[PDB]
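The structure under discussion appears below in the form of structure tokens.
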Amino acid sequence: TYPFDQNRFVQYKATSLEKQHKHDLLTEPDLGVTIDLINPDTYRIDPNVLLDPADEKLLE
Amino acid sequence: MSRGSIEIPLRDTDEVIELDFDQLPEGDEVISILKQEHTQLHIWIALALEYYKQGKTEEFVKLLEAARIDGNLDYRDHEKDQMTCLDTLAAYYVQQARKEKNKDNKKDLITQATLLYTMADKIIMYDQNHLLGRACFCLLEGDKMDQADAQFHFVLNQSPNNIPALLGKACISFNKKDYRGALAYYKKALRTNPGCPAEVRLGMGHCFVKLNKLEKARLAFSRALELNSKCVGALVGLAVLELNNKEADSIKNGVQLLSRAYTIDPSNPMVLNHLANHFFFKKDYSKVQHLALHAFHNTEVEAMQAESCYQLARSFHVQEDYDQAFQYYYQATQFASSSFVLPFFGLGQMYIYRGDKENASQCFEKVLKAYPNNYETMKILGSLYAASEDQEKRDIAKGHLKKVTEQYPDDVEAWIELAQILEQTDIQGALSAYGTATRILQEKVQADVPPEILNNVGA
């Protein structure tokens with residue numbers, strides 16, 4: 001029986017799995033999107049505020 | 001120009017005291033004035049809301065609590081203002097409960113909000129703002145998502161362009177994984193009101209990420225930070241997007257984004273977990289442990305706790321504290337999601353240290369089932385099964401080691417282990433395997449041939 005070091009798989013080695021794993025975007029149950037129910041002006045629709053091109057790209 | 005003023009009518013007289021919103025006096029005096037003059041409740045609420053916009057939350061809290069006792073109700077629709085007072089105070093306590101670190105204070109805040117909502121039920125049980133408050137409150141408890149869905153649906157049936165109801169539906173749809181519905185609700189909200197909060201783009205960003213729409217996700221998080229520079233959630237989103245690029249410049253960007261998030265909120269679990277991972281690569285295990293332990297205590301999300309446990313276990317693993325590493329890997333496997341198999345690899349290694357090759361094999365099989373044809377997992381599982389008495393396991397080991405040697409022909413150990421398995425059924429295969437190992441040792445490792453290999457070749 002070849003005398004393999006018993007600890008060869010116990011010692012920490014940086015695996016390909018660890019290097020290649022892509023992080024998932026985890027969030028708290030409310031997803032960090034606070035729905036404001038205190039200030040009534042927060043969702044008040046001002047007809048003079050035009051949509052910015054940066055928001056338009058998200059809506060396209 | 002000044003932000004505005006509010007009129008306080010003096011009792012039984014035509015005289016009025018004008019309070020400037022830019023020079024509002026101390027709340028205890030305002031409460032005393034409003035109480036002595038028996039001022040109507042809408043004024044108490046309006047003042048509290050102005051204090052709130054200015055960040056003067058202590059005066060806002062004092063005013064609404066005092067208003068419940070001394071706010072004069074001798075006017076039309078005072079009941080709607082009572083509802084507004086109770087729902088605003090309950091919603092604020094819910095927001096605090098979301099921000100509160102002490103579980104006892106959090107439970108007390110939740111109890112107070114519940115009591116306030118139960119009191120409001122006796123005034124106007126089906127008010128739209130009341131229903132929005134209760135639906136948003138159900139999300140903190142988590143088990144009442146179906147009730148929140150029904151309540152948001154009722155509000156949308158009366159006002160289908162209601163931004164809070166659309167955001168509520170979007171959040172529930174996202175938790176139920178209906179990312180297209182969630183994105184559609186967020187898009188409708190932003191299309192209806194261009195002046196929406198920055199957080200509306202954050203939700204869109206999360207939907208784009210889950211829909212693999214990385215460009216729109218990056219734009220959404222950047223736009224959220226452009227509108228609200230304190231948006232930690234957007235910094236985390238961008239950091240995750242940059243870290244996932246695997247490029248050196250993106251990795252650096254991710255670390256910079258995380259550092260900015262840490263300077264804004266040093267208690268955020270996502271920021272702490274990614275910073276722990278970064279310091280791990282920098283070998284600063286003291287920071288890894290400090291950050292991961294604090295992160296573990298700062299969240300109730302099992303998937304985040306599992307990642308914190310994995311960071312902890314990996315730090316103890318490098319420190320050779322195989323028992324604590326085992327405990328944290330084990331806990332991580334208990335908390336781990338169906339996609340997070342990294343804890344099983346570490347646990348498998350600790351089972352090897354403990355000699356429990358059967359559970360180690362099960363751990364590595366779980367990893368291999370998630371990541372098929374992975375070199376390290378096939379090598380370890382092959383090695384573990386090679387020593388097994390079951391002939392099928394020996395055949396499995398033979399298959400895995402064949403794949404390992406085909407992918408990495410320079411791994412001497414994989415060739416030796418394969419040779420030891422082949423000795424039983426294919427003498428020529430075993431000879432070829434030992435010959436290859438011998439050749440690699442002599443030509444590439446330039447080391448003398450071990451006597452065991454020479455003996456086995458002789459046999």
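Residue names in the structure tokens use chain letters A, B, ... in the order shown, residue numbers from 1 in each chain, and ligand numbers from 1 in the order shown.
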Contacts of segment 5-12 of chain A at 6 Å or less, counting only C-alpha atoms, minus same-chain residues fewer than 2 places along, as a PDB file with C-alpha atoms, in the first residue's frame?
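selection_23.pdb, written as the output of this step:
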ATOM      1  CA  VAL B 318      -6.104  27.357   8.259  1.00  0.00           C
ATOM      2  CA  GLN B 349     -12.150  17.238   4.865  1.00  0.00           C
ATOM      3  CA  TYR B 353      -9.397  14.165   9.751  1.00  0.00           C
TER       4      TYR B 353
END
For chain B, work out the contacting residues on chain A at 8 Å, counting only C-alpha atoms, and write them as a ChimeraX atom specification.
-> /A:1-2,7,9-12,15-18,22-26,28-39,42-46,49-51,54-55,57-59
In Å and to one decimal, atom CA of residue 21 of chain A is distant from atom CA of residue 370 of chain B by 11.7 Å
Distance atom CA of residue 382 of chain B-atom CA of residue 309 of chain B, one decimal place?
->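 Rounded to one decimal, the two atoms are 27.5 Å apart.
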How many Å separate atom CA of residue 124 of chain B from atom CA of residue 83 of chain B?
->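 Result for atom CA of residue 124 of chain B versus atom CA of residue 83 of chain B: 7.0 Å, one decimal.
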Name the residues of chain A that come out as helix (DSSP H, G or I) in a backbone DSSP run; write them as a PyMOL selection string.
-> chain A and resi 16-20+40-43+53-59
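By only C-alpha atoms, and with residues fewer than 5 positions from residue 271 of chain B along its chain excluded, the set lying at most 9 Å from it is residues 232, 235, 236, 258, 259, 261, 262, 265, 266, 276 and 295 of chain B.
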For N, CA and C atoms, I'd like the residues from the last selection saved as a short mmCIF file (atom, residue, chain, number, x, y, z; two decimals), in the first residue's frame.
data_model
loop_
_atom_site.label_atom_id
_atom_site.label_comp_id
_atom_site.auth_asym_id
_atom_site.auth_seq_id
_atom_site.Cartn_x
_atom_site.Cartn_y
_atom_site.Cartn_z
N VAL B 232 -26.29 51.47 0.75
CA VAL B 232 -25.41 50.32 0.97
C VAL B 232 -25.81 49.15 0.07
N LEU B 235 -24.25 49.55 -3.25
CA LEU B 235 -22.81 49.31 -3.19
C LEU B 235 -22.53 47.80 -3.16
N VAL B 236 -23.31 47.05 -2.38
CA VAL B 236 -23.18 45.59 -2.33
C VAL B 236 -23.49 44.98 -3.70
N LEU B 258 -16.86 47.81 -1.41
CA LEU B 258 -17.08 47.26 -0.07
C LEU B 258 -16.51 48.18 1.00
N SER B 259 -15.33 48.76 0.77
CA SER B 259 -14.76 49.70 1.73
C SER B 259 -15.67 50.92 1.91
N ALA B 261 -18.94 50.91 1.43
CA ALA B 261 -20.10 50.42 2.15
C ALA B 261 -19.78 50.30 3.63
N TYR B 262 -18.60 49.77 3.96
CA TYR B 262 -18.18 49.64 5.35
C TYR B 262 -18.08 51.01 6.02
N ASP B 265 -22.01 51.73 6.61
CA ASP B 265 -22.61 50.85 7.61
C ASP B 265 -21.67 49.68 7.89
N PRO B 266 -20.82 49.78 8.93
CA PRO B 266 -19.89 48.70 9.28
C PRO B 266 -20.51 47.45 9.90
N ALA B 276 -14.55 39.89 4.95
CA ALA B 276 -13.89 38.75 5.56
C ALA B 276 -13.22 37.89 4.49
N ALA B 295 -20.78 39.51 11.64
CA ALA B 295 -21.78 39.35 10.59
C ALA B 295 -22.80 38.29 10.97
#
Identify, on the basis of only C-alpha atoms, every residue whose closest approach to residue 68 of chain B does not exceed 12 Å; exclude the query and any residue fewer than 6 positions from it along the same chain; express the result as a VMD selection string.
-> chain B and resid 31 35 40 to 42 44 to 45 61 to 62 78 to 79 81 to 89 116 119 to 120
Selection file, C-alpha atoms, as a compact mmCIF listing (two decimals), in the first residue's frame:
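Writing done, so here's part27.txt:
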# COMPACT_ATOMS: atom_id res chain seq x y z
CA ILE B 31 -46.12 70.20 22.92
CA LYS B 35 -51.64 71.23 24.80
CA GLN B 40 -56.33 70.30 16.64
CA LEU B 41 -54.58 66.97 15.87
CA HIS B 42 -53.81 67.68 12.18
CA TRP B 44 -49.64 67.99 15.71
CA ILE B 45 -49.22 65.51 12.83
CA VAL B 61 -41.82 60.58 18.32
CA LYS B 62 -42.60 62.87 21.28
CA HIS B 78 -60.48 63.65 13.16
CA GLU B 79 -60.77 59.83 12.92
CA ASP B 81 -55.97 61.80 11.63
CA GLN B 82 -56.15 59.34 14.55
CA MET B 83 -55.61 56.55 12.00
CA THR B 84 -52.70 58.54 10.50
CA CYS B 85 -51.13 59.03 13.97
CA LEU B 86 -51.47 55.36 14.96
CA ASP B 87 -50.26 54.03 11.59
CA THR B 88 -47.34 56.51 11.44
CA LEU B 89 -46.18 55.58 14.96
CA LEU B 116 -51.17 50.31 17.62
CA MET B 119 -56.22 50.01 18.16
CA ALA B 120 -56.50 51.53 14.67
B:257, B:48, B:250, B:135 ranked by distance to residue 65 of chain B, top pick (using only C-alpha atoms) |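 Checking each candidate against residue 65 of chain B, we get B:48 as the closest.
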